[PDB]
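Have a look at the structure below, then the notes.
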Amino acid sequence: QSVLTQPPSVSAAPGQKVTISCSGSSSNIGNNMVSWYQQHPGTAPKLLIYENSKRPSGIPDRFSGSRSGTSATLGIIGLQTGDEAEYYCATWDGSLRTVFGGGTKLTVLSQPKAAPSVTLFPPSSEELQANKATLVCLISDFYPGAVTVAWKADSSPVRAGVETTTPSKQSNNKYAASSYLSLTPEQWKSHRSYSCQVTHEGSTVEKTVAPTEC
Amino acid sequence: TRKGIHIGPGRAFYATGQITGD
Amino acid sequence: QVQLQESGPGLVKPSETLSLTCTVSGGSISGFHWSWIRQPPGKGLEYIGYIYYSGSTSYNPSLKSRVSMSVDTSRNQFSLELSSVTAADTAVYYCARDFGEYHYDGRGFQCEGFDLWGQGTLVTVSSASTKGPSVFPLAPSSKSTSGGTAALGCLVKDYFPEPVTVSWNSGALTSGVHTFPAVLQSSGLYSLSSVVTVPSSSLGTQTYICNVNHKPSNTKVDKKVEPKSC
């Protein structure tokens, strides 16, 4: 978790109201003015709002922000297609820096809601035969394109060795993604099972592979 | 608390000081 | 109007110093505070610090011990120095003009800001020295078929520099084929994966090879991906 909190993902239908919320504390928002950024991938971040609610000229009303208490909210009215991007909030924090929220992916609902399709390959023998291991977790056919991955050992939350790609668009206009858990054959054997844990739009499916299959 | 002077975007500002010295 | 531009190396060996210069035009450095903000790919944004035109600075407390900025009024340029870099410093680096609250208190400039950004420059931290990849089979689904189809792929691992091209069946199968993006590991070494969704009939057959090319290290590799064995 970050100093500022945003929802990883938010969606609406072309033309609908949406709202993104930045959440903080006395240490920051209670005391400095937030600003808002649109980022389209491959381009730099672009200032949408500043001073809680002011708008640099060139920015459409329909983009509005505001602060209340130690929270702030960006509001996007009359949704469009070019509105699909990642949005950040930011302010000074008492810790002595500018700080950003984790970044909300705003998806403008082109097709309907596709739940992800998870597959987990266990470390291949030919890898093990060269004394290495890697577990490959592939996620499929999801929309909005936004997933959170977690990994557990027997049921131990492991954070270390993880590598997840950002969601990529598929031929079918749906999203794919892949995580990779690196290890040593000691580890892969030192446990009765490993799990892959995908939360999407608020719903978690998982697949669980073990050393023993054969 | 007290407080203040917002430098807005693209507005220049000049201080040195610092009225209590360096 | 006023435009900023990042410049500097694109690849840097761990433990060395990272250096970058932001070059400003259409306006003066004068009267503004200026910043570097980096972004590890697929991650979000982290502010590194700011420098005031007259030279005063303020560095994000987490990096302070490693970071250094300087301003050159004449050249209309400012610059960053990241020291003892590691895997974690691999990022797009942006430079920016700031705004925010000023205090005569002694707390000076509170940066809330950034209204102006360069395009950013990617900097890759790595010791890796042009290894070709090792290609491994992604055990085809095996045992159990709901929905009705199966999936397999290749695992291309530990290589530098990118890219790599993954073909399939020498070129015969390009449908339901996803090449995932090249991830970069704390080693200095890349990895990605290709995957094709196929009929649960049976297999075999058919079959079903990967055409991995590490063109920088002239390593073409075909790989036979044959089912379960369970």
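Quick note on naming: the chains in the structure tokens go A, B, ... in the order shown, residues restart at 1 in each chain, and ligands are numbered from 1 in order of appearance.
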Tell me, counting only C-alpha atoms, for each residue of range 4-57 of chain C within 12 Å of range 83-91 of chain A, which pair of atoms is nearest and how far apart they are in Å to one decimal, in rows ordered by chain and increasing number, as a tab-separated table.
residue	atom	partner	partner_atom	distance
C:42	CA	A:86	CA	10.8
C:43	CA	A:86	CA	11.0
C:44	CA	A:88	CA	8.5
C:45	CA	A:88	CA	8.5
C:46	CA	A:90	CA	10.2
C:47	CA	A:90	CA	10.0
>> When DSSP is applied to the backbone of this structure, which of range 1-216 of chain C are assigned strand (DSSP E)? Write them out as JSON, numbers by chain.
In response: {"C": [3, 4, 5, 6, 7, 11, 12, 18, 19, 20, 21, 22, 23, 24, 25, 33, 34, 35, 36, 37, 38, 39, 46, 47, 48, 49, 50, 51, 52, 57, 58, 59, 67, 68, 69, 70, 71, 72, 77, 78, 79, 80, 81, 82, 91, 92, 93, 94, 95, 96, 97, 100, 101, 102, 103, 108, 109, 110, 111, 116, 117, 121, 122, 123, 124, 125, 134, 135, 136, 137, 138, 149, 150, 151, 152, 153, 154, 155, 156, 157, 158, 159, 165, 166, 167, 168, 177, 178, 179, 183, 184, 190, 191, 192, 193, 194, 195, 196, 197, 198, 199, 209, 210, 211, 212, 213, 214]}
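Shortest atom-to-atom contact with residue 149 in chain C among A:53, A:179, A:119, A:16: A:119, counting only C-alpha atoms.
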>> Using only C-alpha atoms, I'd like every residue of chain B that has an atom within 7 Å of chain C; please write them out as a ChimeraX atom specification.
In response: /B:3-9,12-14
How would the residues just chosen look if you wrote them out with N, CA and C atoms as an mmCIF file, in the first residue's frame?
data_model
loop_
_atom_site.group_PDB
_atom_site.id
_atom_site.type_symbol
_atom_site.label_atom_id
_atom_site.label_comp_id
_atom_site.auth_asym_id
_atom_site.auth_seq_id
_atom_site.Cartn_x
_atom_site.Cartn_y
_atom_site.Cartn_z
ATOM 1 N N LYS B 3 1.828 29.822 7.290
ATOM 2 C CA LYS B 3 0.889 29.292 6.270
ATOM 3 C C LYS B 3 1.044 30.117 5.038
ATOM 4 N N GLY B 4 1.101 29.459 3.889
ATOM 5 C CA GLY B 4 0.629 30.111 2.673
ATOM 6 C C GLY B 4 1.533 30.488 1.527
ATOM 7 N N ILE B 5 0.927 31.155 0.553
ATOM 8 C CA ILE B 5 1.524 31.462 -0.751
ATOM 9 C C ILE B 5 1.596 30.205 -1.613
ATOM 10 N N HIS B 6 0.584 30.076 -2.462
ATOM 11 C CA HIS B 6 0.518 29.069 -3.490
ATOM 12 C C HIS B 6 1.207 29.565 -4.743
ATOM 13 N N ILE B 7 2.319 28.943 -5.118
ATOM 14 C CA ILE B 7 2.860 29.080 -6.457
ATOM 15 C C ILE B 7 1.994 28.222 -7.364
ATOM 16 N N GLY B 8 1.206 28.857 -8.216
ATOM 17 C CA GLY B 8 0.481 28.111 -9.229
ATOM 18 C C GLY B 8 1.382 27.637 -10.370
ATOM 19 N N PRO B 9 0.815 26.869 -11.319
ATOM 20 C CA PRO B 9 1.541 26.310 -12.442
ATOM 21 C C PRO B 9 2.034 27.354 -13.418
ATOM 22 N N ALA B 12 6.276 32.324 -11.804
ATOM 23 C CA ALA B 12 7.622 32.400 -11.268
ATOM 24 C C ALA B 12 7.574 32.975 -9.878
ATOM 25 N N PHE B 13 8.599 32.654 -9.099
ATOM 26 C CA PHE B 13 8.638 33.010 -7.728
ATOM 27 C C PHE B 13 10.071 33.140 -7.323
ATOM 28 N N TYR B 14 10.349 34.132 -6.467
ATOM 29 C CA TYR B 14 11.691 34.550 -6.072
ATOM 30 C C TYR B 14 11.764 34.865 -4.594
#
Closest atom pairs, residues of chain A within 6 Å of chain C, only C-alpha atoms, as a Markdown table:
| residue | atom | partner | partner_atom | distance |
| --- | --- | --- | --- | --- |
| A:44 | CA | C:119 | CA | 5.5 |
| A:47 | CA | C:115 | CA | 5.6 |
| A:91 | CA | C:112 | CA | 4.2 |
| A:92 | CA | C:112 | CA | 5.1 |
| A:97 | CA | C:60 | CA | 5.4 |
| A:98 | CA | C:111 | CA | 5.8 |
| A:166 | CA | C:42 | CA | 5.7 |
| A:214 | CA | C:230 | CA | 5.1 |
Hey, which bits of chain A sit within 9 Å of chain B, and for each residue what's the closest pair of atoms and how far apart in Å (one decimal), counting only C-alpha atoms, rows by chain and increasing number, as JSON lines?
{"residue": "A:31", "atom": "CA", "partner": "B:1", "partner_atom": "CA", "distance": 8.8}
{"residue": "A:50", "atom": "CA", "partner": "B:9", "partner_atom": "CA", "distance": 8.1}
{"residue": "A:51", "atom": "CA", "partner": "B:8", "partner_atom": "CA", "distance": 8.0}
{"residue": "A:56", "atom": "CA", "partner": "B:9", "partner_atom": "CA", "distance": 8.1}
Writing out the chosen residues with N, CA and C atoms as a CSV table (one decimal), in the first residue's frame:
chain,number,residue,atom,x,y,z
A,31,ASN,N,-3.4,18.7,4.4
A,31,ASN,CA,-2.5,19.8,4.6
A,31,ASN,C,-1.9,20.4,3.3
A,50,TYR,N,-5.3,20.9,-10.6
A,50,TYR,CA,-4.3,21.3,-9.7
A,50,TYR,C,-5.0,22.1,-8.7
A,51,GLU,N,-4.4,22.4,-7.5
A,51,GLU,CA,-5.0,23.1,-6.4
A,51,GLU,C,-6.4,22.5,-6.0
A,56,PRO,N,-6.0,23.5,-15.5
A,56,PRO,CA,-5.2,24.2,-16.4
A,56,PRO,C,-5.9,24.4,-17.8
